[PDB]
Each structure stands twice: as structure tokens, then as C-alpha cells.
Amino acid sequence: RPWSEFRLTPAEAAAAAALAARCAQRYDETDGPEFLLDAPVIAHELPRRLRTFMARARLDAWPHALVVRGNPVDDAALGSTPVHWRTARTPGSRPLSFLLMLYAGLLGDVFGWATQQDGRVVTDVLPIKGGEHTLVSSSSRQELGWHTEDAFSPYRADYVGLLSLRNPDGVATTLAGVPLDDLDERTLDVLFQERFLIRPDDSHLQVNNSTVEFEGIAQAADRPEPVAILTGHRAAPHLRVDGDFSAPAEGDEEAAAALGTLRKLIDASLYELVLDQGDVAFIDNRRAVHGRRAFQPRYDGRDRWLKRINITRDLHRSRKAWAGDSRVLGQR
């Protein structure tokens, strides 16, 4: 498989769950400043075999994601899937949110955005009635097209963590790497040049938050400066693209041809990852784009529901976008 996979033994999974419950018992909230600081140290008490996997798998050159299977989730204890992300911090989902943050802490520094789900660090992915054909993760009937998370921003995550609270009908997350086996060197050269526009996605709009950082989003949408799609090593490039929000620099037809080719090659090599209940994936946001297949929402209380978190290897890389001393990014 193009991702690195780990399956917890029932004993390891039980121990991890017990640790997260202990944290849920001792701290007021996952996003509080206290638990943000402690989680990386508390995570040192997770099962050793898991810590070894996370430390090694992160350093391998190839995987598109790190996938951990086998966290128990009791649907009766969990309760119904929320109708909106606003009311999605239910008691039943609370221990699993702490669990996600513990796992996340093994990989880097977690953060949120001031313009996304009210600045929450642990966010929710679930279908929202009336929003089936939007370009955000609360869509359903319309496929969520492939993208680098927060492609518009230089402070975008290195890893995106997704923990499946439930997914009864096996709806697939989509993934693709750099199509290096098919890109010719001329097209590759052009993708490495600063000749592309990448605007902020709809999740950063005021309409997708509850009733100053929105100024910076407006500027990124109105006046995007040319950037490259590929960076770093030519034999293993890092990727920055959004299928629905990328464009060539104005009038640049060679850049346009390279992006058109890239779209075609990514469409053709897109593959599926089904996060069953209890599965956690940490997607390498520099090696891979991701999305989610179209699905018919239920709206009966058992819709697919994920908890999500953004992770950077270095929080100081984004200090320009710090609001205060919080873990919430944004600019004017």
C-alpha cells in the first residue's frame, strides 16, 4: 500500500483509550492552553509499539499517510452524529478527541485557524443538511475534490489527522501522490516555477463560521501572488495544489498546460482509503493531496463523522500568523 499501516492489539487500544479517558477526566477541554502544552508529554505514556511506529514511519521517505487501525468506539456511548460542527463537542465524542490530540502530539505541534470552525484545534467533519454540494468537508452528494489542506497558505499543516468516529457505509477518503512516473521533465520544470495562483478555500469564509483574520483571507483571494506547485527535491517533490482553487498566473499558457496535465495525472492515479470506525490517518500534506468520495447523506443520526486536526513540525514557522499566545493562525 502507498501508506504506512499499524494495527493496535486490543490491549494496546484499551490502554490508549484509558489514557485519553484519564485526560478527559483531568482537563476541561482539548483546545485549552493546558492540554495543548501537556499532550505531547502525556503521549509518551502511549503503548511503546505505537510510539515506535509513529517515530519511525514519520521518517520513512515513501508513505502518503500514517494509518492506525483498531481504536474501539461504542456507538451507544458515542451518541448521534451532530447536525452541525457547532454542537459537535458531545460528551460521547470527548475521549476520542483527547485520543486524537495524544496521537497528534507524537508527530508535531497542533494548531487551528481563526477563520475555520471558530478557531477550534480539534475540528469536525460531518454532513450538514443543505450543504451537500459545497466545496467544504461538510459536503456529501458532491465529491470533495482532491487538495493540499490550506494550499493557499505558507503555514499550512505538514500532517492532517483524521479519526473516524463512525463511517457505517464505508465512505472512502481519496489520496494521490506526485505523479512522478508520468510527468515529463519540461512539465516538471514549469511546476517547480512560481507561475500558479492558489486561493483560500471556502472553509475560511465568514459564512462557514459562527456569528480580523478574515481580512487576510480576503487578500489571499483578491490578490494571490504567484507560487510554485512543486518544491524541494526533483526526485521526490513536495506538492501544493488544490483541484478547485488552483489557477495559472494570468495569461501564462505554459503554466496552464502543466497544471492541466497535472490534473489529468492526479485524477488517473487517485486511490481510496476507507477509514472504518476507530481508524486514524495522518496524511502527509506535503507528499499527497486528499479528498472524499461523493456519498448520499443519511441525516438519521448515524452519518459518517470524523474528528480532525492540523499538525506542523514547527509552530515558529508560522509566528507571523499568531493571534496571541494561542494555537490559532491568521493575518490581516
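Residue numbers run from 1 along the displayed sequence.
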Practice task
Please say, as none, 1 to 3, 4 to 9, or 10 or more, how many residues of the deposited sequence are without coordinates in the interval between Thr211 and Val212.
Solution key: 4 to 9
Practice task
On mean C-alpha B-factor from the PDB entry, just flag whether 166 to 174 or 198 to 206 is the higher one.
Solution key: 198 to 206
Completion exercise
The stretch whose C-alpha atoms carry the larger average B-factor in the entry, 22 to 30 or 60 to 68, is 22 to 30
Practice task
Would you mind checking which of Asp109, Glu143, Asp181, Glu149 has the top Cα temperature factor in the PDB entry?
Solution key: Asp181
Practice task
Please work out which residue in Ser138, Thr90, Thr261, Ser246 has the highest C-alpha B-factor recorded for this crystal structure.
Solution key: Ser246
Handout entry: Modelled-residue ranking by C-alpha temperature factor, third containing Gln116
Key = highest
Problem - Chain thirds of CA B-factor: placement of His238 - result: middle
Completion exercise
Tertile call for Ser97 (CA temperature factor, within chain, third-based) is the lowest
Handout entry: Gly251 - which third its CA temperature factor falls in, relative to the rest of the chain
Key = highest
Exercise for the section: Give the position of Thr312 by CA B-factor within its chain, expressed as the lowest, middle or highest third. Expected result: lowest
